[PDB]
Structure formats: structure tokens, C-alpha cells
$ cat model09.cif   # mmCIF, C-alpha atoms and all ligand atoms
data_target
loop_
_atom_site.group_PDB
_atom_site.id
_atom_site.type_symbol
_atom_site.label_atom_id
_atom_site.label_comp_id
_atom_site.auth_asym_id
_atom_site.auth_seq_id
_atom_site.Cartn_x
_atom_site.Cartn_y
_atom_site.Cartn_z
ATOM 1 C CA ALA B 1 -11.679 -24.575 -20.625
ATOM 2 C CA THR B 2 -10.625 -21.176 -19.276
ATOM 3 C CA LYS B 3 -12.800 -18.849 -17.184
ATOM 4 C CA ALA B 4 -12.891 -15.337 -15.801
ATOM 5 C CA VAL B 5 -15.226 -13.106 -13.819
ATOM 6 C CA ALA B 6 -15.777 -9.397 -13.118
ATOM 7 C CA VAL B 7 -17.774 -7.929 -10.246
ATOM 8 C CA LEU B 8 -19.265 -4.627 -11.400
ATOM 9 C CA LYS B 9 -19.511 -1.851 -8.830
ATOM 10 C CA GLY B 10 -19.738 1.947 -8.966
ATOM 11 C CA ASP B 11 -20.908 5.004 -7.036
ATOM 12 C CA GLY B 12 -24.577 4.428 -7.890
ATOM 13 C CA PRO B 13 -26.824 1.334 -7.592
ATOM 14 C CA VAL B 14 -25.547 -0.487 -10.708
ATOM 15 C CA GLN B 15 -23.966 -3.825 -9.811
ATOM 16 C CA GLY B 16 -23.557 -7.325 -11.169
ATOM 17 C CA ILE B 17 -21.373 -10.334 -11.799
ATOM 18 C CA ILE B 18 -20.262 -11.104 -15.335
ATOM 19 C CA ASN B 19 -18.780 -14.478 -16.197
ATOM 20 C CA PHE B 20 -16.456 -15.233 -19.092
ATOM 21 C CA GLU B 21 -15.887 -18.716 -20.476
ATOM 22 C CA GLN B 22 -13.596 -19.798 -23.290
ATOM 23 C CA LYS B 23 -13.785 -23.522 -24.167
ATOM 24 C CA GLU B 24 -10.680 -23.338 -26.387
ATOM 25 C CA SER B 25 -7.985 -20.646 -26.556
ATOM 26 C CA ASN B 26 -8.790 -20.209 -30.269
ATOM 27 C CA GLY B 27 -12.513 -20.082 -29.576
ATOM 28 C CA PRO B 28 -15.242 -17.586 -28.855
ATOM 29 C CA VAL B 29 -15.662 -16.241 -25.341
ATOM 30 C CA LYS B 30 -19.122 -16.621 -23.831
ATOM 31 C CA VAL B 31 -20.022 -13.638 -21.632
ATOM 32 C CA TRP B 32 -22.981 -13.895 -19.257
ATOM 33 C CA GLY B 33 -24.384 -12.695 -15.970
ATOM 34 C CA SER B 34 -26.837 -10.339 -14.374
ATOM 35 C CA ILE B 35 -26.491 -6.592 -13.921
ATOM 36 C CA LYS B 36 -29.135 -4.853 -11.811
ATOM 37 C CA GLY B 37 -29.936 -1.213 -11.037
ATOM 38 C CA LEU B 38 -29.804 -0.059 -14.668
ATOM 39 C CA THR B 39 -32.254 2.171 -16.487
ATOM 40 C CA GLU B 40 -34.439 0.276 -18.972
ATOM 41 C CA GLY B 41 -32.886 -0.140 -22.434
ATOM 42 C CA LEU B 42 -29.429 -0.157 -24.009
ATOM 43 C CA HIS B 43 -26.136 0.360 -22.165
ATOM 44 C CA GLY B 44 -22.634 0.426 -23.675
ATOM 45 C CA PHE B 45 -20.549 -2.543 -22.540
ATOM 46 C CA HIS B 46 -16.778 -2.531 -23.061
ATOM 47 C CA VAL B 47 -13.452 -3.839 -21.858
ATOM 48 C CA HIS B 48 -11.234 -0.860 -21.047
ATOM 49 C CA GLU B 49 -7.460 -0.983 -21.159
ATOM 50 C CA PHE B 50 -6.415 -0.780 -17.502
ATOM 51 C CA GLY B 51 -7.456 -2.863 -14.475
ATOM 52 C CA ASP B 52 -7.004 0.292 -12.406
ATOM 53 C CA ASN B 53 -9.819 1.260 -10.060
ATOM 54 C CA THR B 54 -7.827 3.832 -8.047
ATOM 55 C CA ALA B 55 -10.039 6.678 -9.328
ATOM 56 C CA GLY B 56 -12.972 4.343 -9.851
ATOM 57 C CA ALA B 57 -13.910 3.462 -13.433
ATOM 58 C CA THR B 58 -12.255 6.720 -14.583
ATOM 59 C CA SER B 59 -8.744 5.225 -14.151
ATOM 60 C CA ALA B 60 -9.619 2.292 -16.482
ATOM 61 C CA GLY B 61 -8.393 4.227 -19.551
ATOM 62 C CA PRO B 62 -9.955 4.016 -23.037
ATOM 63 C CA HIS B 63 -11.478 0.966 -24.729
ATOM 64 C CA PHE B 64 -8.948 -1.867 -24.934
ATOM 65 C CA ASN B 65 -7.453 -1.371 -28.404
ATOM 66 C CA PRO B 66 -4.223 -3.363 -28.962
ATOM 67 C CA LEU B 67 -4.705 -3.327 -32.766
ATOM 68 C CA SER B 68 -5.079 0.502 -32.850
ATOM 69 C CA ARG B 69 -8.420 0.556 -34.696
ATOM 70 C CA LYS B 70 -11.428 2.866 -34.459
ATOM 71 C CA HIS B 71 -14.521 2.142 -32.355
ATOM 72 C CA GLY B 72 -17.211 -0.107 -33.803
ATOM 73 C CA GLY B 73 -19.838 -2.667 -32.913
ATOM 74 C CA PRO B 74 -18.771 -6.231 -32.032
ATOM 75 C CA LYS B 75 -19.894 -7.435 -35.471
ATOM 76 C CA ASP B 76 -17.596 -4.935 -37.252
ATOM 77 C CA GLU B 77 -14.115 -5.796 -38.483
ATOM 78 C CA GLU B 78 -13.151 -2.197 -37.635
ATOM 79 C CA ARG B 79 -13.591 -2.246 -33.882
ATOM 80 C CA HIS B 80 -11.614 -2.110 -30.655
ATOM 81 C CA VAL B 81 -10.894 -5.515 -29.093
ATOM 82 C CA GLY B 82 -12.877 -4.180 -26.110
ATOM 83 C CA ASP B 83 -16.022 -3.375 -28.128
ATOM 84 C CA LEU B 84 -18.718 -5.754 -26.846
ATOM 85 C CA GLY B 85 -21.549 -3.472 -27.975
ATOM 86 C CA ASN B 86 -24.583 -3.027 -25.743
ATOM 87 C CA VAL B 87 -26.433 -4.935 -23.069
ATOM 88 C CA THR B 88 -30.170 -4.476 -22.547
ATOM 89 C CA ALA B 89 -31.872 -3.904 -19.202
ATOM 90 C CA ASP B 90 -35.504 -4.923 -18.829
ATOM 91 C CA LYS B 91 -38.296 -2.884 -17.185
ATOM 92 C CA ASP B 92 -37.042 -3.888 -13.710
ATOM 93 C CA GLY B 93 -33.530 -2.625 -14.472
ATOM 94 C CA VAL B 94 -31.963 -6.057 -14.917
ATOM 95 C CA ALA B 95 -29.683 -6.955 -17.818
ATOM 96 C CA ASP B 96 -29.457 -10.716 -18.201
ATOM 97 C CA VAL B 97 -26.285 -10.468 -20.230
ATOM 98 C CA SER B 98 -25.649 -13.066 -22.900
ATOM 99 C CA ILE B 99 -22.879 -12.292 -25.390
ATOM 100 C CA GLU B 100 -20.586 -14.463 -27.499
ATOM 101 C CA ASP B 101 -17.483 -12.780 -28.934
ATOM 102 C CA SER B 102 -14.743 -14.159 -31.190
ATOM 103 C CA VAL B 103 -12.400 -11.155 -30.841
ATOM 104 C CA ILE B 104 -11.814 -10.934 -27.069
ATOM 105 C CA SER B 105 -9.743 -13.707 -25.490
ATOM 106 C CA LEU B 106 -8.898 -14.847 -21.967
ATOM 107 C CA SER B 107 -5.405 -15.873 -22.980
ATOM 108 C CA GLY B 108 -2.493 -14.601 -25.009
ATOM 109 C CA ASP B 109 -0.752 -11.242 -25.066
ATOM 110 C CA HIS B 110 -4.108 -9.571 -25.940
ATOM 111 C CA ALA B 111 -6.062 -11.203 -23.063
ATOM 112 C CA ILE B 112 -8.725 -9.184 -21.247
ATOM 113 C CA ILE B 113 -7.556 -10.701 -17.928
ATOM 114 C CA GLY B 114 -6.533 -7.887 -15.562
ATOM 115 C CA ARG B 115 -8.386 -5.247 -17.584
ATOM 116 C CA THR B 116 -11.676 -3.519 -16.678
ATOM 117 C CA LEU B 117 -15.233 -4.336 -17.742
ATOM 118 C CA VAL B 118 -17.416 -1.220 -17.810
ATOM 119 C CA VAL B 119 -21.180 -0.781 -18.243
ATOM 120 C CA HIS B 120 -22.118 2.709 -19.404
ATOM 121 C CA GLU B 121 -24.814 5.328 -18.905
ATOM 122 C CA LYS B 122 -26.173 5.306 -22.455
ATOM 123 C CA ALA B 123 -26.312 3.186 -25.596
ATOM 124 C CA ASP B 124 -23.163 2.585 -27.608
ATOM 125 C CA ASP B 125 -23.950 3.959 -31.108
ATOM 126 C CA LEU B 126 -21.540 1.335 -32.529
ATOM 127 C CA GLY B 127 -19.575 3.980 -34.444
ATOM 128 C CA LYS B 128 -22.619 5.159 -36.417
ATOM 129 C CA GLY B 129 -23.145 8.610 -34.814
ATOM 130 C CA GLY B 130 -21.322 10.668 -37.462
ATOM 131 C CA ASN B 131 -18.882 12.375 -35.078
ATOM 132 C CA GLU B 132 -15.364 11.822 -33.762
ATOM 133 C CA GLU B 133 -16.653 10.668 -30.366
ATOM 134 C CA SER B 134 -18.730 7.948 -32.086
ATOM 135 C CA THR B 135 -15.574 6.347 -33.507
ATOM 136 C CA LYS B 136 -13.772 6.672 -30.140
ATOM 137 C CA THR B 137 -16.323 5.793 -27.434
ATOM 138 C CA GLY B 138 -19.611 5.191 -29.291
ATOM 139 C CA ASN B 139 -21.153 8.081 -27.286
ATOM 140 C CA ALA B 140 -22.068 5.661 -24.453
ATOM 141 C CA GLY B 141 -21.725 8.307 -21.737
ATOM 142 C CA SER B 142 -20.426 7.928 -18.219
ATOM 143 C CA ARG B 143 -19.120 4.803 -16.558
ATOM 144 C CA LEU B 144 -21.842 3.504 -14.221
ATOM 145 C CA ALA B 145 -20.089 0.427 -12.883
ATOM 146 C CA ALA B 146 -16.791 -1.346 -13.444
ATOM 147 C CA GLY B 147 -14.850 -4.405 -12.387
ATOM 148 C CA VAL B 148 -11.390 -5.798 -12.928
ATOM 149 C CA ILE B 149 -11.559 -9.002 -14.971
ATOM 150 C CA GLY B 150 -10.040 -11.791 -12.844
ATOM 151 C CA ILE B 151 -9.054 -15.426 -13.392
ATOM 152 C CA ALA B 152 -11.833 -17.793 -12.259
ATOM 153 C CA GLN B 153 -12.303 -21.557 -11.930
ATOM 154 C CA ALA H 1 8.437 -2.100 -17.768
ATOM 155 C CA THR H 2 5.166 -3.723 -16.724
ATOM 156 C CA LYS H 3 2.877 -2.173 -14.071
ATOM 157 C CA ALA H 4 -0.093 -3.435 -12.084
ATOM 158 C CA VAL H 5 -2.294 -2.215 -9.243
ATOM 159 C CA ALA H 6 -4.687 -3.690 -6.652
ATOM 160 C CA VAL H 7 -7.277 -1.666 -4.770
ATOM 161 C CA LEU H 8 -7.937 -3.476 -1.501
ATOM 162 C CA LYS H 9 -11.468 -3.273 -0.114
ATOM 163 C CA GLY H 10 -13.531 -5.466 2.211
ATOM 164 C CA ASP H 11 -16.503 -5.583 4.567
ATOM 165 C CA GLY H 12 -14.763 -3.456 7.211
ATOM 166 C CA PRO H 13 -12.515 -0.395 7.434
ATOM 167 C CA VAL H 14 -9.478 -2.065 5.833
ATOM 168 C CA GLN H 15 -8.568 -0.498 2.517
ATOM 169 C CA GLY H 16 -5.564 0.435 0.455
ATOM 170 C CA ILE H 17 -3.835 0.778 -2.874
ATOM 171 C CA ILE H 18 -0.910 -1.485 -3.763
ATOM 172 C CA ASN H 19 1.188 -0.871 -6.871
ATOM 173 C CA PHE H 20 3.377 -3.377 -8.730
ATOM 174 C CA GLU H 21 6.216 -2.570 -11.123
ATOM 175 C CA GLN H 22 8.560 -4.887 -13.007
ATOM 176 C CA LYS H 23 11.338 -3.349 -15.137
ATOM 177 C CA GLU H 24 12.394 -6.607 -16.848
ATOM 178 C CA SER H 25 10.258 -9.705 -17.406
ATOM 179 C CA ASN H 26 12.934 -11.824 -15.663
ATOM 180 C CA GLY H 27 13.616 -9.221 -12.965
ATOM 181 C CA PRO H 28 12.090 -8.510 -9.553
ATOM 182 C CA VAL H 29 8.698 -6.896 -8.923
ATOM 183 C CA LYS H 30 8.606 -3.808 -6.701
ATOM 184 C CA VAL H 31 5.427 -3.790 -4.584
ATOM 185 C CA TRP H 32 4.459 -0.579 -2.776
ATOM 186 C CA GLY H 33 1.598 1.459 -1.374
ATOM 187 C CA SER H 34 -0.521 1.925 1.714
ATOM 188 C CA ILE H 35 -3.160 -0.001 3.673
ATOM 189 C CA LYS H 36 -5.236 1.602 6.437
ATOM 190 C CA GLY H 37 -7.879 0.439 8.934
ATOM 191 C CA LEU H 38 -5.646 -2.312 10.342
ATOM 192 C CA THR H 39 -4.930 -3.299 13.932
ATOM 193 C CA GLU H 40 -1.359 -2.388 14.941
ATOM 194 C CA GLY H 41 1.077 -5.224 14.149
ATOM 195 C CA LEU H 42 1.791 -7.849 11.494
ATOM 196 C CA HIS H 43 -0.719 -8.876 8.841
ATOM 197 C CA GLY H 44 -0.352 -11.700 6.311
ATOM 198 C CA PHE H 45 -0.155 -10.492 2.733
ATOM 199 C CA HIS H 46 -0.651 -12.892 -0.187
ATOM 200 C CA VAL H 47 -1.617 -13.349 -3.782
ATOM 201 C CA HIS H 48 -4.484 -15.871 -3.864
ATOM 202 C CA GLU H 49 -5.114 -17.948 -6.978
ATOM 203 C CA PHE H 50 -8.369 -16.569 -8.397
ATOM 204 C CA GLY H 51 -9.377 -12.984 -9.186
ATOM 205 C CA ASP H 52 -12.892 -13.922 -8.187
ATOM 206 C CA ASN H 53 -14.366 -11.303 -5.855
ATOM 207 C CA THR H 54 -17.973 -12.616 -6.150
ATOM 208 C CA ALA H 55 -17.820 -13.582 -2.464
ATOM 209 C CA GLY H 56 -15.251 -10.897 -1.705
ATOM 210 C CA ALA H 57 -11.870 -12.304 -0.672
ATOM 211 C CA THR H 58 -13.427 -15.687 0.156
ATOM 212 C CA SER H 59 -13.900 -16.618 -3.520
ATOM 213 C CA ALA H 60 -10.203 -16.006 -4.298
ATOM 214 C CA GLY H 61 -9.343 -19.575 -3.250
ATOM 215 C CA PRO H 62 -6.010 -20.528 -1.658
ATOM 216 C CA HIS H 63 -2.562 -18.920 -1.922
ATOM 217 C CA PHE H 64 -1.419 -18.970 -5.551
ATOM 218 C CA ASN H 65 0.697 -22.116 -5.733
ATOM 219 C CA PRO H 66 1.394 -23.145 -9.342
ATOM 220 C CA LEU H 67 4.592 -24.997 -8.338
ATOM 221 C CA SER H 68 2.820 -27.099 -5.667
ATOM 222 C CA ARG H 69 5.000 -26.215 -2.682
ATOM 223 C CA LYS H 70 4.311 -25.663 1.026
ATOM 224 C CA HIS H 71 3.569 -22.239 2.510
ATOM 225 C CA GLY H 72 6.559 -20.111 3.494
ATOM 226 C CA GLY H 73 7.745 -16.528 3.713
ATOM 227 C CA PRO H 74 8.869 -14.550 0.664
ATOM 228 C CA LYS H 75 12.579 -15.224 1.296
ATOM 229 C CA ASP H 76 12.126 -18.993 1.725
ATOM 230 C CA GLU H 77 12.892 -21.326 -1.167
ATOM 231 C CA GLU H 78 9.925 -23.451 -0.062
ATOM 232 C CA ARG H 79 7.041 -21.051 -0.616
ATOM 233 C CA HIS H 80 3.882 -20.550 -2.627
ATOM 234 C CA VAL H 81 4.373 -18.084 -5.491
ATOM 235 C CA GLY H 82 1.752 -15.948 -3.721
ATOM 236 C CA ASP H 83 3.646 -15.761 -0.382
ATOM 237 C CA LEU H 84 4.504 -12.077 0.241
ATOM 238 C CA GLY H 85 4.854 -12.427 4.009
ATOM 239 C CA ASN H 86 3.637 -9.748 6.398
ATOM 240 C CA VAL H 87 2.917 -6.053 6.207
ATOM 241 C CA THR H 88 3.202 -3.929 9.362
ATOM 242 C CA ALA H 89 0.502 -1.561 10.606
ATOM 243 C CA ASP H 90 1.731 1.260 12.851
ATOM 244 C CA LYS H 91 -0.128 2.522 15.942
ATOM 245 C CA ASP H 92 -2.474 4.522 13.677
ATOM 246 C CA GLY H 93 -3.456 1.366 11.763
ATOM 247 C CA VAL H 94 -1.543 2.308 8.610
ATOM 248 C CA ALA H 95 0.804 -0.131 6.862
ATOM 249 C CA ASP H 96 3.246 1.467 4.463
ATOM 250 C CA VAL H 97 4.153 -1.291 2.058
ATOM 251 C CA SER H 98 7.508 -1.496 0.324
ATOM 252 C CA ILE H 99 8.464 -4.951 -0.920
ATOM 253 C CA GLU H 100 10.716 -6.318 -3.657
ATOM 254 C CA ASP H 101 10.102 -9.896 -4.807
ATOM 255 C CA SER H 102 11.821 -12.090 -7.415
ATOM 256 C CA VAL H 103 9.314 -14.987 -7.313
ATOM 257 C CA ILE H 104 6.099 -13.258 -8.383
ATOM 258 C CA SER H 105 5.907 -11.914 -11.940
ATOM 259 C CA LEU H 106 3.564 -9.612 -13.851
ATOM 260 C CA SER H 107 4.088 -11.633 -17.057
ATOM 261 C CA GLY H 108 4.509 -15.220 -18.262
ATOM 262 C CA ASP H 109 2.284 -18.244 -17.730
ATOM 263 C CA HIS H 110 2.326 -17.859 -13.910
ATOM 264 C CA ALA H 111 1.707 -14.082 -13.859
ATOM 265 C CA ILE H 112 -0.230 -12.720 -10.871
ATOM 266 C CA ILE H 113 -2.230 -10.378 -13.148
ATOM 267 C CA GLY H 114 -5.943 -11.197 -12.751
ATOM 268 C CA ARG H 115 -5.412 -12.876 -9.379
ATOM 269 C CA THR H 116 -6.288 -11.516 -5.930
ATOM 270 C CA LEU H 117 -4.127 -9.651 -3.406
ATOM 271 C CA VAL H 118 -5.367 -10.289 0.141
ATOM 272 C CA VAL H 119 -4.433 -8.751 3.515
ATOM 273 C CA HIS H 120 -5.231 -10.884 6.562
ATOM 274 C CA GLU H 121 -6.377 -10.382 10.161
ATOM 275 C CA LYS H 122 -3.378 -12.057 11.884
ATOM 276 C CA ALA H 123 0.369 -12.392 11.383
ATOM 277 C CA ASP H 124 1.630 -14.893 8.831
ATOM 278 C CA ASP H 125 3.914 -17.318 10.740
ATOM 279 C CA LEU H 126 5.699 -17.879 7.396
ATOM 280 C CA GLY H 127 5.273 -21.682 7.543
ATOM 281 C CA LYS H 128 7.281 -22.039 10.754
ATOM 282 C CA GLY H 129 4.321 -22.560 13.110
ATOM 283 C CA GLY H 130 4.816 -26.322 13.455
ATOM 284 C CA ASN H 131 1.230 -27.281 12.623
ATOM 285 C CA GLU H 132 -0.606 -28.328 9.434
ATOM 286 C CA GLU H 133 -2.276 -24.924 9.092
ATOM 287 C CA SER H 134 1.114 -23.158 9.131
ATOM 288 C CA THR H 135 2.320 -24.920 5.970
ATOM 289 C CA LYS H 136 -1.025 -24.141 4.251
ATOM 290 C CA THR H 137 -1.979 -20.587 5.288
ATOM 291 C CA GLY H 138 0.632 -19.464 7.859
ATOM 292 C CA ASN H 139 -2.204 -19.074 10.392
ATOM 293 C CA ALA H 140 -2.896 -15.579 9.001
ATOM 294 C CA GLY H 141 -6.614 -15.917 9.815
ATOM 295 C CA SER H 142 -9.480 -14.178 8.049
ATOM 296 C CA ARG H 143 -9.263 -12.083 4.894
ATOM 297 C CA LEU H 144 -9.894 -8.433 5.774
ATOM 298 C CA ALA H 145 -9.554 -6.831 2.369
ATOM 299 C CA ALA H 146 -8.805 -7.896 -1.175
ATOM 300 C CA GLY H 147 -8.382 -6.590 -4.695
ATOM 301 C CA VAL H 148 -7.999 -8.126 -8.132
ATOM 302 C CA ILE H 149 -4.573 -7.348 -9.580
ATOM 303 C CA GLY H 150 -5.075 -5.282 -12.720
ATOM 304 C CA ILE H 151 -2.860 -3.933 -15.493
ATOM 305 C CA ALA H 152 -1.826 -0.318 -14.811
ATOM 306 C CA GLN H 153 -0.646 2.424 -17.176
HETATM 307 CU CU CU O 1 -16.637 1.644 -22.022
HETATM 308 CU CU CU O 2 -3.817 -14.884 2.086
HETATM 309 ZN ZN ZN O 3 -14.508 1.051 -28.585
HETATM 310 ZN ZN ZN O 4 1.176 -19.455 1.132
#

$ encode --input "model09.cif" --output "C-alpha cells"
Amino acid sequence: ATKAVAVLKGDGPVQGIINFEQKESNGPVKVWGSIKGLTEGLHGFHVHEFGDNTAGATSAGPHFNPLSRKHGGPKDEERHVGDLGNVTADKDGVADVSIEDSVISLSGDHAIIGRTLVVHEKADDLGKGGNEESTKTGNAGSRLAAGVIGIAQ
Amino acid sequence: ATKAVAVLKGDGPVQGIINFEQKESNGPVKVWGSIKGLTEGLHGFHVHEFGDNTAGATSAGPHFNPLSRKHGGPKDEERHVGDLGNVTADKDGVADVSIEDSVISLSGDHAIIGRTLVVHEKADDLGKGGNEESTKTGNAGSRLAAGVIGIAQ
């Protein structure tokens, strides 16, 4: 199997460790971990194009989009590769993340290795907001914490 | 061209930004930037295998060594792929980094993308120390700051 990890950090209290596991290179990627310090409810959760934290999460660029599609939810065919949807924080501000995605990969020329995982201020509307921003960013708001996705064992 | 970047941070004052650029996939990588907060003198500078920052630099594992060789300096045939030698801090604690290397790559199956760049407390003896530790780590001592190597624009 192949594995990766991202340590999420930002200017505020939001932080966590997200693990990626891919049993087979043709297979789904399991994404799991704990993010704390979040407001209760939904938060946009995306892989952004660049593993560049020189200006914090801002320098990460847009959602990772090698197929040049519009923004969607992870279940949509029309989505960015980076569109992992939302994660949900409980009443104590903890998101016990558990996602399985068949579009992202840890290998190949479209790998998310070396790119940036971002958790956002607000819910990702999954492209259903009826404006141009919805089909670009999902209206998820600011970037609360980010981490470069690294090779793990 | 292919570009990457690592933002070095740690538990102490040591921090910096190191850029990577590779014009051709079978050509050299230019490595440049700045590191501050260092003691004056030589500091070991390596790519470690894993981009796992969950325990800071400690979780990055050993020097990246896909070809199973002994530790050396960058200009030695016998070296780890990750062996980038020493950077030099001036009297103000600032190391201005300007390296060209033809062993590391930003692409291919042994790419350093998603792995960890680490700056160390002591000089790297470049494998010439004449003890077991020399041919493993170069006696570079503790890891002062580290960053996962990410894809840059
Ligand atoms: Cu995002
Ligand atoms: Cu090292
Ligand atoms: Zn998107
Ligand atoms: Zn080495």
C-alpha cells in the first residue's frame, strides 16, 4: 500500500493530522484523522494545487484541477480532483475525518503528493450556490489551516 | 521547468524558505533561498525520506536513500540521494543557500517532492568522519528545522 500525511496548521487554533492510505494505485484513497479548533458544523475540505506555504495557505493556489473542470462535490463527475467536499466538526470543535475518494490518488502524474490540504472557514456548497464562485470554490470562505501532503510510511 | 519549495520551521528560531527549480527532467536542480536563526558555521542539509511532519523533523525518517548507498557529500559518487551537504550561516546566523545538484530530481519515481528538507545543528562531515555514524548521518546532530517539499507555481 501507499500512504501520505498532512499536518494542518494556520494562524488561528485550527490544527490536525490527516492520513491518506491507498491500498492499490488504481484504488480509492482513504482519508482520516482529527482536526480540532473548528467551529461546529461543515467546513470545506480540498486539495489545492501548490505545496507552497510561503504566504501561508494563500500561496497554495486554487483547487487542484488537472482535468480543467468546474467545482463540484466529491460525488459529482463534474468536479475538481481536489474536491473532497466537507468535513464536520462536533460540538467540541473536533472533526473526526473519515472520507473515501476514488478520484484523488497518491501516485501518478495527477498525485496529490506535494500539494496542499486546506480546511476552510465555511461549508462547501458543492457547486449548488447559483453563482460563479460556487462553481470555482464552493463558497467555502477563508483558509483556516493547511498542510503540504507528504509521503508517509 | 518544474518548481518546488520548502518552508523550514521547527521548535526554535531556525526558519527559512528554500526553492527548487529543474529546467529539464534529466537536468540538474537549482536549490536556493535563505535560512535564519542558525549558529555561525556549517549545518548539515538533507532531504529525508518521509514528508511526515507529525513529530516535526523527527518523523521524516532517515536521509532519502532509494539506491541503498552510504552517506556522503553531494559531490561524492557514494551518497544518499538526499545528501545536499552543508549550508553556511554567517555571523548574523543567516545562511544564503545556492546549490546545484544533479542527483536529486523533482520528477520520476525517486522525486524528492513530498519528502522533507531538514537543516541540522552541526556540520555534516560528508561521510569522512571515520565512524559508523558518519556513513549514516554525517554526524550532523539534531534536526533544527524542516519542511515538506511541495510543488510550486
Ligand atoms: Cu480549499
Ligand atoms: Cu538530515
Ligand atoms: Zn473545487
Ligand atoms: Zn546521507

$ interface_residues --input "model09.cif" --of "chain H" --to "chain B" --cutoff "9 Å" --atoms "all atoms listed in the file" --output "compact mmCIF listing (two decimals) with C-alpha atoms, keeping the file's coordinate frame"
# COMPACT_ATOMS: atom_id res chain seq x y z
CA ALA H 4 -0.09 -3.44 -12.08
CA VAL H 5 -2.29 -2.22 -9.24
CA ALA H 6 -4.69 -3.69 -6.65
CA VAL H 7 -7.28 -1.67 -4.77
CA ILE H 17 -3.84 0.78 -2.87
CA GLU H 49 -5.11 -17.95 -6.98
CA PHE H 50 -8.37 -16.57 -8.40
CA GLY H 51 -9.38 -12.98 -9.19
CA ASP H 52 -12.89 -13.92 -8.19
CA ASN H 53 -14.37 -11.30 -5.86
CA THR H 54 -17.97 -12.62 -6.15
CA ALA H 60 -10.20 -16.01 -4.30
CA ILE H 113 -2.23 -10.38 -13.15
CA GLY H 114 -5.94 -11.20 -12.75
CA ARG H 115 -5.41 -12.88 -9.38
CA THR H 116 -6.29 -11.52 -5.93
CA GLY H 147 -8.38 -6.59 -4.70
CA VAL H 148 -8.00 -8.13 -8.13
CA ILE H 149 -4.57 -7.35 -9.58
CA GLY H 150 -5.08 -5.28 -12.72
CA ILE H 151 -2.86 -3.93 -15.49
CA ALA H 152 -1.83 -0.32 -14.81
CA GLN H 153 -0.65 2.42 -17.18

$ resolve_selection --input "model09.cif" --expression "the PyMOL selection byres (((chain H and resi 98) around 10) and not hetatm)" --output "VMD selection string"
chain H and resid 18 to 19 30 to 34 87 95 to 97 99 to 100

$ resolve_selection --input "model09.cif" --expression "the PyMOL selection byres (((not hetatm)) within 12 of (chain O and resi 1))" --output "PyMOL selection string"
chain B and resi 43-50+57-65+71-72+80-87+115-126+136-147

$ calpha_fit_rmsd --input "model09.cif" --fixed "chain B" --moving "chain H"
0.3 Å

$ atom_distance --input "model09.cif" --atom1 "CA of residue 1 (chain B)" --atom2 "CA of residue 21 (chain B)"
7.2 Å

$ atom_distance --input "model09.cif" --atom1 "CA of residue 70 (chain H)" --atom2 "CA of residue 88 (chain H)"
23.3 Å

$ axis_aligned_box --input "model09.cif" --around "region 102-117 of chain H" --padding-each-side "6 Å" --output "AutoDock Vina command-line options"
--center_x 2.8 --center_y -13.9 --center_z -10.8 --size_x 30.1 --size_y 20.6 --size_z 26.9

$ atom_distance --input "model09.cif" --atom1 "CA of residue 131 (chain H)" --atom2 "CA of residue 73 (chain H)"
15.4 Å

$ closest_residue --input "model09.cif" --among "H:2, H:25, H:105, H:68" --to "ligand ZN 4 (chain O)" --atoms "all atoms listed in the file"
H:68

$ closest_residue --input "model09.cif" --among "B:36, B:128, B:3, B:91" --to "residue 79 (chain B)" --atoms "only C-alpha atoms"
B:128

$ decode --input "model09.cif" --residues "region 63-78 of chain H" --atoms "C-alpha atoms" --output "PDB file, in the first residue's frame"
ATOM      1  CA  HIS H  63      18.221  10.525   4.701  1.00  0.00           C
ATOM      2  CA  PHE H  64      16.389   9.649   1.483  1.00  0.00           C
ATOM      3  CA  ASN H  65      18.344   6.668   0.177  1.00  0.00           C
ATOM      4  CA  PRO H  66      16.443   4.825  -2.572  1.00  0.00           C
ATOM      5  CA  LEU H  67      19.684   3.444  -4.073  1.00  0.00           C
ATOM      6  CA  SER H  68      20.878   1.969  -0.743  1.00  0.00           C
ATOM      7  CA  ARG H  69      24.271   3.669  -0.532  1.00  0.00           C
ATOM      8  CA  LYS H  70      26.352   5.075   2.336  1.00  0.00           C
ATOM      9  CA  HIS H  71      26.181   8.715   3.431  1.00  0.00           C
ATOM     10  CA  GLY H  72      28.408  11.171   1.575  1.00  0.00           C
ATOM     11  CA  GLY H  73      28.575  14.756   0.385  1.00  0.00           C
ATOM     12  CA  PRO H  74      26.706  15.983  -2.693  1.00  0.00           C
ATOM     13  CA  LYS H  75      29.765  15.678  -4.967  1.00  0.00           C
ATOM     14  CA  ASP H  76      30.588  12.111  -3.877  1.00  0.00           C
ATOM     15  CA  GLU H  77      29.529   9.184  -6.047  1.00  0.00           C
ATOM     16  CA  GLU H  78      28.815   7.243  -2.844  1.00  0.00           C
TER      17      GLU H  78
END
